[PDB]
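Novice: Here it is: the structure, laid out below.
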There are 2 protein chains.
Amino acid sequence: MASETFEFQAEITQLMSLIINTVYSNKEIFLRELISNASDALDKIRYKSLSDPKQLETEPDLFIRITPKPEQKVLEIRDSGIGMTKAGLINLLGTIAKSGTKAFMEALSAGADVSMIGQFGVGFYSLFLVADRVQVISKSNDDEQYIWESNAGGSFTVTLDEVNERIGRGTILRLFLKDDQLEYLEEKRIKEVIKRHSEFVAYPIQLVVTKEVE
Amino acid sequence: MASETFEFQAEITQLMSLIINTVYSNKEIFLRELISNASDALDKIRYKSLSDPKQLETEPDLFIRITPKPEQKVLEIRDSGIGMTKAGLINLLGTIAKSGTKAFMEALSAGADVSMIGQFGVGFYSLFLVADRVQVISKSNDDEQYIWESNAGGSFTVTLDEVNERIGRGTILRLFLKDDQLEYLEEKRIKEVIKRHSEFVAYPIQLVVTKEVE
Ligand SMILES: COC1=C2C[C@H](C)C[C@H](OC)[C@H](O)[C@@H](C)/C=C(\C)[C@H](OC(N)=O)[C@@H](OC)/C=C\C=C(/C)C(=O)NC(=CC1=O)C2=O
Ligand SMILES: COC1=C2C[C@H](C)C[C@H](OC)[C@H](O)[C@@H](C)/C=C(\C)[C@H](OC(N)=O)[C@@H](OC)/C=C\C=C(/C)C(=O)NC(=CC1=O)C2=O
């Protein structure tokens, strides 16, 4: 339906500017970050299901799933983790000041490698190394499916989802890749980054490949 | 939103009963039929674009795409063809009597092989050889995305689509496969049926495969 618009916390806008603009080099670590967040969301739903097992029923399979959509120059990273509510997307992804946002920027400007970003708890923002636009589509058991959207600019939108496949539970990171970074649409490149930086993951990592029949 | 319910034309209910119940044997021809309908829908949008090229812009790529979803025991056949309107789904897929429906039943009962079903213009109904439920999800340039749904019973539903991925234009056949017929979730089996009965197709046939990264 209609979209609500929210302004970014000053520093989060700052951080997004550093990342999408400068940085360079170790760009491929965005995938380790997103997979690690997916893994954390999966840990969370699974831990919650220990004392409330009905939670797993909206989507009984625990997985991480990567889907290149070359036509749209899009890369999606999906998990059937715990998902986020409207309130969650609004507060934790923009309006409330992340503790480590300022400290990481200072660390960065002082010599720190971007790959450290995850230890400051703002690794989600690494996605702007390779993308200039993101939709975070999420479904918690405690709320409806919503779309959060940001182009790195000063504000983001949150919209009730009536346009995307129903996920039973969890989250899709829909990355609109930059033109210089289309290599992350390639199967071999994807397997390679995964093997190098994400060897220790408790959940299956699926790769969706589209092949033409001969 | 809310669902409108429609009764099937008597004979179409008859036909669906023959097919989902008896038949046996050459079940795999359902795929030749669906691919051929997809090809016809693609011919139609392409022919229409000859004198109105803006038509292709809702989805500039012409393709047929097969997606097994083993978790849900579902097989989807998609095309970016001309799609159908609400009016279309209601009239041509149920309420108005198909010319060849009765003649095919007589041919069938007289010895005719099911594979003939396409020459009687009711091949769409072959899908009930392998499925006991279908959603036909379609998007014409002249209307909104709708879901038509039937379980072979006497009536079907038509619903405004707010729950599925937006297709830009065209149609998805979402088959809920029977338990005896899960083989059509398998990549090798799919390639094999395609090669045997659908060698001459003017459009790319894509197969979406989900593989676990090691
Ligand atoms: C330790 O928890 C983590 C925190 C606190 C974070 C807000 C907790 C969050 O709300 C309470 C849920 O507990 C958790 C299930 C949601 C995810 C992991 C999402 O990812 C998904 N579901 O796949 C992630 O991205 C869409 C959301 C924001 C991530 C931030 C801004 C970041 O930069 N790094 C972080 C990574 C983390 O693991 C981070 O700050
Ligand atoms: C020659 O046109 C065909 C006819 C007339 C048919 C109603 C024409 C239709 O409306 C006017 C559109 O022109 C056409 C674009 C839509 C499709 C081919 C759909 O398939 C898709 N889009 O992928 C198909 O199935 C969802 C719709 C009903 C098919 C029937 C009941 C059948 O059993 N066989 C038929 C196969 C055909 O090719 C048939 O009767």
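Novice: Taking the label point as lying 7 angstrom from Cα along the Cα-to-Cβ axis, what are the distances from B:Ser49 to the corresponding position in the remaining copies, in ascending order and in nanometres?
Specialist: Distances to the matching label points in the other copies: 4.3 nm.
Novice: Right, another one. Suppose every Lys and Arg Cβ carries +1 and every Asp and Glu Cβ carries -1, with no other charges. What dipole size does chain B come out with about its Cα centre, to the nearest 20 debye? Show your work: numbers first, answer last.
Specialist: Working: 25 positive and 33 negative charges, 77 e Å.
Using Cβ point charges on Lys, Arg, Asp and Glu, chain B gives about 380 debye.
Novice: Of B:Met105, B:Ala41, A:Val209, which is farthest along the charge dipole of the protein assembly as shown in the positive direction, counting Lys and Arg as +1 and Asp and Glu as -1 at C-beta?
Specialist: A:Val209
Novice: Relative to the Cα centre, what is the charge dipole magnitude of region B:1-115, using +1 at the beta carbon of each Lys and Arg, -1 at the beta carbon of each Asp and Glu, and rounding to the nearest 20 debye? Don't skip to the end; give the middle numbers.
Specialist: Working: 13 positive and 16 negative charges, 11 e Å.
For this selection, approximately 60 debye.
Novice: Right, another one. Evaluate peptide A:203-213: per residue, the Cβ atoms of other protein chains within 10 Å of its Cβ; return the mean as an integer. Please report the intermediate quantities before stating the final value.
Specialist: Numbers: counts 0, 2, 4, 4, 5, 5, 5, 8, 7, 6, 13.
Going residue by residue through A:203-213 and averaging, the value is 5.
Novice: Quote to one decimal, in nm, the extra length available between B:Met1 and B:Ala97 on full extension: 0.36 nm per residue of separation minus the C-alpha distance between them. Each step should come with its number before you reach the end.
Specialist: On the way: separation 96, 0.36 × 96 = 34.56 nm, distance 2.81 nm.
Taking B:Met1 through B:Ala97 to full extension adds about 31.8 nm, to one decimal.
Novice: Kindly give the distances from A:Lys191 to its copy-mates, label point to label point, with each label point 7 Å from Cα along Cα→Cβ, as nm values to one decimal ordered shortest first.
Specialist: Relative to the other copies, A:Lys191 has label-point distances of 1.5 nm.
Novice: At 7 angstrom along the Cα-to-beta-carbon line, where would the label on B:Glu212 sit relative to the other copies? Give the distances in nm, shortest first.
Specialist: Relative to the other copies, B:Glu212 has label-point distances of 3.1 nm.
Novice: In percent, what relative contact order does region B:79-214 have, based on Cα pairs under 8 Å that are 6 or more apart in sequence? Let's see the in-between values first.
Specialist: Details: 159 pairs, mean separation 36.1, N = 136.
For region B:79-214, the relative contact order is 27 percent.
Novice: For peptide B:53-66, what's the mean number of Cβ atoms from other chains within 10 Å of each residue's Cβ?
Specialist: Neighbouring Cβ atoms belonging to other protein chains average 1 per residue here.
Novice: Looking only at other chains, what is the average number of their beta-carbon atoms within 10 angstrom of each beta-carbon in B:160-166? Walk me through the numbers before you get to the answer.
Specialist: On the way: counts 1, 2, 6, 7, 4, 4, 4.
If you average over the peptide's residues, the count of other-chain Cβ atoms is 4.
Novice: Still on this structure, I have one more. Cross-link list A:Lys69/B:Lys188; B:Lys86/B:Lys139; A:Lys195/B:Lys211; A:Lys188/A:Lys211: which exceed 19 angstrom alpha carbon to alpha carbon?
Specialist: On the way: A:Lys69/B:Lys188 23 Å; B:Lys86/B:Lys139 9 Å; A:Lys195/B:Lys211 15 Å; A:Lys188/A:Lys211 14 Å.
Result: A:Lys69/B:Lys188 exceed 19 Å.
Novice: Over all distinct alpha-carbon pairs, what is the Kirkwood Rh of the protein assembly as shown in angstrom?
Specialist: Details: mean 1/r = 0.0422 Å⁻¹.
For the protein assembly as shown, inverting the mean 1/r across all distinct Cα pairs yields 23.7 Å.
Every residue, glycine as well, gets a Cβ built from its backbone with ideal geometry; the counts of neighbours run over all protein chains shown. Quick note: the coordinates plus some simple rules give every number you see, no bench work behind them.
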